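S.K.: Below are the structure tokens for one structure; questions will follow.
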Amino acid sequence: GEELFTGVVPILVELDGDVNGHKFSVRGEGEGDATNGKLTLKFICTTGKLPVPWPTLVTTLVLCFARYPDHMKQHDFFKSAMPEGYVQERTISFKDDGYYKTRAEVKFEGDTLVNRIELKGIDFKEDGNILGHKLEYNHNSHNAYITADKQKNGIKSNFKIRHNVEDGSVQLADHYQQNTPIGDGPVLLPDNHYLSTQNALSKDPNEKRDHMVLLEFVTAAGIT
Numbered sequence: 004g005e006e007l008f009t010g011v012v013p014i015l016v017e018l019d020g021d022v023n024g025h026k027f028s029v030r031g032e033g034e035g036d037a038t039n040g041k042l043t044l045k046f047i048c049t050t051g052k053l054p055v056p057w058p059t060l061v062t063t064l068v069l070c071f072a073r074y075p076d077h078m079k080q081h082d083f084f085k086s087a088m089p090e091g092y093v094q095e096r097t098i099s100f101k102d103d104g105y106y107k108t109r110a111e112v113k114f115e116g117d118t119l120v121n122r123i124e125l126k127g128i129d130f131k132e133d134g135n136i137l138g139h140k141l142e143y144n145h146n147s148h149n150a151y152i153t154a155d156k157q158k159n160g161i162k163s164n165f166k167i168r169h170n171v172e173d174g175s176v177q178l179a180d181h182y183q184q185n186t187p188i189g190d191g192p193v194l195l196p197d198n199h200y201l202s203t204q205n206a207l208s209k210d211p212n213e214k215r216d217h218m219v220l221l222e223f224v225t226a227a228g229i230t
């Protein structure tokens, strides 16, 4: 399980979205290095103009690459479910605006770790902060507590992301998340802990499509 992640692992992300009837697709390629907790990917909107801000999709677009410290290998739900994979589902409720609902399969396909997502967004304001593209191109560092869901053989987490609005205000996005495995093998059920994440968003100088270059670090803590 956790042994498939010892080296660097190619990554493919594919997302089909639909927010208030505005449809779009994103494809992402890169690699993950779980021993450092490091993700580097370049995402393209393959359908043209992305109709939502790139930062509202960071959390949607592979926690099996977090760096779990050795005294916590026994709380690493995500790697334990590999290569069968796990389903990741979320509701992302933006305050005073609409909500995303996402369903993703995170699983090995060949030697590539693949993240295939379906997003539907509902009830957004057409000149709100999301559909009106009023968010800064960045993504604050944050902690998210994981707890186990014994009754479903998985884990659960709810946590708040605070997006910087370009006027100075902060757009809150309440995430409620649940993961459950795909196969039937043995899966670790962690104890209460948290994941600590940092994000760097950039652009490629030589890239003309709508796109996001992403460097992300995810590391586990909370268990002493």
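Taking the deposited numbering, I'd label the letters of the sequence shown as residues 4 to 64, 68 to 230.
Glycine included, every Cβ here is placed at the ideal spot set by N, Cα and C.
Between the stretch 171-178 and the stretch 38-52, are three or more C-beta pairs nearer than 8 angstroms?
M.R.: Contact fails: fewer than three Cβ-Cβ distances are below 8 angstroms.
S.K.: Let me confirm a value: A206 is counted as buried when at least 16 other C-beta atoms fall within 10 Å, else exposed. Which label applies?
M.R.: Start at 1 with the first residue of the sequence shown, and residue 206 comes out as number 200. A206 should be labelled exposed.
S.K.: Could you say which of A179, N149 and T108 lies nearest to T203 if we only look at CA atoms?
M.R.: Position 197 of the sequence shown, counted from the first residue, corresponds to residue 203. It is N149 whose Cα lies nearest to the Cα of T203.
S.K.: Rounded to the nearest angstrom, what separates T225 and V29 at their Cα positions?
M.R.: Residue mapping note: residue 225 aligns to position 219 of the sequence shown, counting from 1. Residue mapping note: residue 29 aligns to position 26 of the sequence shown, counting from 1. Those two C-alpha atoms are separated by around 26 angstroms.
S.K.: Among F130, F27 and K45, which one has its Cα closest to the Cα of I14?
M.R.: Locating residue 14 in the sequence shown gives position 11, where the first residue counts as 1. If we check each option's Cα against that of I14, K45 comes out closest.
S.K.: Judging by CA-CA distance, which residue of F223, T97, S99 and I128 is the nearest neighbour of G24?
M.R.: As a working mapping, residue 24 is identified with position 21 in the sequence shown. For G24, the nearest C-alpha among the options comes from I128.
S.K.: Let me know if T38 comes out buried or exposed under the rule of 16 or more other beta-carbons within 10 Å of its beta-carbon.
M.R.: By 1-based counting over the sequence shown, the position of residue 38 is 35. When all chains shown are included, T38 counts as exposed.
S.K.: My assumption, with CB atoms under 8 angstroms, is that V12 sits in contact with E32. Please give the rounded CB distance.
M.R.: Reading the sequence shown from its first residue, position 9 is the one you call residue 12. Reading the sequence shown from its first residue, position 29 is the one you call residue 32. Actually they are not in contact, since the Cβ atoms of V12 and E32 sit about 12 angstroms apart, beyond 8 angstroms.
S.K.: Which residues mark the beginning and the end of the alpha helix (DSSP H) in which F84 is found?
M.R.: Within the sequence shown, residue 84 is the residue found at index 78, counting from 1. It spans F83 to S86 - the alpha helix (DSSP H) in which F84 sits, taken as one unbroken run.
S.K.: For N198, collect the residues of the same chain with a Cβ closer than 6 angstroms to its Cβ; drop the 5 residues on either side in sequence, then sort them by chain order.
M.R.: Counted from its first residue, the sequence shown places residue 198 at position 192. These residues qualify, in order along the chain: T153.
S.K.: Look at the Cβ atom of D21, then the Cβ atom of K126, and state whether they are nearer than 7 angstroms.
M.R.: As a first step, residue 21 is located in the sequence shown; it is residue number 18 there, counting from the start. As a first step, residue 126 is located in the sequence shown; it is residue number 120 there, counting from the start. Yes.
S.K.: Could you check whether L7 and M88 sit closer than 7 angstroms to each other, using their CB atoms as the reference points?
M.R.: What you label residue 88 is simply residue 82 of the sequence shown in a count that begins at 1. What you label residue 7 is simply residue 4 of the sequence shown in a count that begins at 1. Yes, they are a contact pair.
S.K.: Which residue from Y143, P192, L60 and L42 puts its Cα closest to that of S99?
M.R.: Locating residue 99 in the sequence shown gives position 93, where the first residue counts as 1. Measuring from the Cα of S99, the nearest candidate turns out to be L60.
S.K.: Report all residues from its chain with a CB closer than 8 angstroms to the CB of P192; omit the five preceding and five following residues, and keep chain order.
M.R.: In the sequence shown, the residue the question calls residue 192 occupies position 186. Around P192: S86.
S.K.: Is the beta carbon of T97 less than 7 angstroms from the beta carbon of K107?
M.R.: Numbered from its first residue, the sequence shown carries residue 97 at position 91. Numbered from its first residue, the sequence shown carries residue 107 at position 101. Against a cut-off of 7 angstroms, the Cβ pair of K107 and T97 comes out as a contact.
S.K.: For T9 and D103, I'd like the C-alpha separation in whole angstroms.
M.R.: For the purposes of this step, residue 9 is taken as the residue at position 6 of the sequence shown. For the purposes of this step, residue 103 is taken as the residue at position 97 of the sequence shown. About 41 angstroms.
S.K.: What does DSSP give as the partner residue(s) for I136 in the beta ladder?
M.R.: Residue numbering aside, residue 136 sits at position 130 when the sequence shown is read from its first letter. The partner list for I136 (beta bridge, DSSP) is empty, contrary to what the question assumes.
S.K.: Starting from the C-beta of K131, find all residues in its chain whose C-beta is less than 6 angstroms away, skip the five residues before and the five after it, and write them out in chain order.
M.R.: Looking up residue 131 in the sequence shown gives position 125. Excluding positions up to five away in sequence, the list reads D103.
S.K.: My understanding is that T186 touches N159, with C-beta atoms under 8 angstroms, so please give their C-beta distance in whole angstroms.
M.R.: In the sequence shown, residue 186 corresponds to position 180, counting from 1. In the sequence shown, residue 159 corresponds to position 153, counting from 1. At roughly 6 angstroms, the Cβ-Cβ gap stays under 8 angstroms, so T186 and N159 are in contact.
S.K.: Can you tell me whether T62 is helix, strand or coil according to DSSP?
M.R.: Counted from its first residue, the sequence shown places residue 62 at position 59. In the structure shown, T62 sits in coil (DSSP, three-state: anything other than H, G, I, E or B).
S.K.: Just the C-alpha distance for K140 and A179, rounded to the nearest angstrom, thanks.
M.R.: For the purposes of this step, residue 140 is taken as residue 134 along the sequence shown, with counting starting at 1. For the purposes of this step, residue 179 is taken as residue 173 along the sequence shown, with counting starting at 1. Roughly 14 angstroms between the two C-alpha positions.
S.K.: Note down, one range per segment and in chain order, each beta strand (DSSP E) of at least 3 residues found wholly within the stretch 106-164.
M.R.: For the stretch 106-164, whole beta strand (DSSP E) runs of length 3 or above, ordered along the chain, are 118-128 and 148-155.
S.K.: Here's the rule I'm using: 16 or more other beta-carbon atoms within 10 Å means buried, otherwise exposed. How should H77 be labelled?
M.R.: Mapped onto the sequence shown, residue 77 falls at position 71. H77 is exposed by the Cβ-count criterion.
S.K.: Classify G138 as buried or exposed, calling it buried when 16 or more other Cβ atoms lie within 10 Å of its own Cβ.
M.R.: Residue numbering aside, residue 138 sits at position 132 when the sequence shown is read from its first letter. By the 10 Å Cβ count, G138 comes out exposed.
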